Amino acid sequence: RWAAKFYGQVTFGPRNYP
Amino acid sequence: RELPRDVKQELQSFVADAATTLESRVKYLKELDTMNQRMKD
Amino acid sequence: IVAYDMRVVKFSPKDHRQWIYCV
Amino acid sequence: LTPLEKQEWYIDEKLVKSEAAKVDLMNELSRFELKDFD
Amino acid sequence: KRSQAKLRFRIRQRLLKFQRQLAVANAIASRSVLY
RNA sequence: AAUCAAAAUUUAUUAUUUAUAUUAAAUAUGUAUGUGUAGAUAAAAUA
RNA sequence: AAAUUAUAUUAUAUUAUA
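Residues numbered from 1 in each chain as written, not as in the entry; some residues may be left out. Chains lettered and ligands numbered in written order. Part of a larger assembly, values for the part shown. Heavy atoms only, no water.

This entry lists cryo-EM as its structure determination method and reports a resolution of 3.1 Å.

Q: Give a detailed account of the pattern of salt bridges, specifying residues and quantitative values.
A: Taken as a whole, this structure holds 5 salt bridges over all chains when the rule is applied. Between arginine 38 of chain B and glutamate 28 of chain D there is a salt bridge; the shortest N-O distance is 3.4 Å. Taken as a pair, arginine 38 of chain B in helix α2 (residues 18-40) and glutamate 28 of chain D in helix α1 (residues 13-30) lie in two separate chains rather than in one. Its relative accessible area of 32% is what places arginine 38 of chain B among the partly exposed residues. Where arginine 17 of chain C meets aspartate 15 of chain C, a salt bridge forms, and the shortest distance between an N and an O atom there is 3.8 Å. In this structure, a network of salt bridges that share partners links the residues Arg38 and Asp41 of chain B together with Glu28 of chain D. (Salt bridge = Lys/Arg side-chain N within 4 Å of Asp/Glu carboxyl O. Helix = DSSP H or I, 4+ residues; strand = E, 2+ residues; numbered from the N terminus. Buried < 20%, exposed > 50% of the residue type's maximum accessible area, 1.4 Å probe, protein only.)

Q: Lay out the arrangement of the chains in plain terms, naming residues and giving numbers.
A: No interface is formed between chain A and chain C, the nearest pair of C-alpha atoms being 20 Å apart. There is a gap between chain B and chain C: no contact, and a shortest C-alpha distance of 15 Å. (Contact = heavy atoms within 4.5 Å.)

Q: Lay out the environment of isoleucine 1 of chain C with the relevant residues and their values.
A: Tracing the chain through its elements places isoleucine 1 of chain C in the segment before β1 (4-12). On the basis of relative accessible area, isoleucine 1 of chain C is assigned to the exposed category, the value being 68%. When the C-alpha positions of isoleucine 1 of chain C and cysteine 22 of chain C are compared, they lie 7.8 Å apart, and in sequence the two are 21 residues distant. For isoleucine 1 of chain C, the contacting residues outside a window of four places in its chain are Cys22 and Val23 of chain C together with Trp9 of chain D.

Here it is in structure tokens:
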């Protein structure tokens, strides 16, 4: 679950990539 | 009675191996990058 | 021969093949 | 393109190989492992 | 044509289950992560 | 494909280390946790 | 949340400070 922590730090542009 | 959650996560951060965790997370990031690159073509 | 078709069969979550359906 | 392909009782084998290669591309996308294990 | 739609549904479900990991991988690849 | 003495290689001096053993005081209050390096290998269930 | 893959055993370390 270490990769799900940084999802709150992604810019709103590439948050919906797939 | 089992341990509470926060002391269990802090103990797992305290006593586990650092190099194995680093290698597994870096190869996981590499595998995700190869998946993203395979999706981009 | 009534109809030819291409169906996608699933043998596993990692295994999807394509067969030729025929009526 | 040809009107012979518009009928359902005739198949284009090259189109079958193209879409089967597309299914193999979906298979190679399905080979990956995305669980975190952390 | 519905079997290919089921295949696309399975691919979309697998991609939307792990959308956060692919998003953070693309964010590290595109250098867009707020520290 | 156009060469030649790093430690081919030997020896020595205020001086550079890591180790070798030497190596001690201190209760006025508050106190000090690593990775590794090693030898032969004869316990095991919070995920 | 089971099956156990798990080696496990004991000891050491630094300008105390020269």
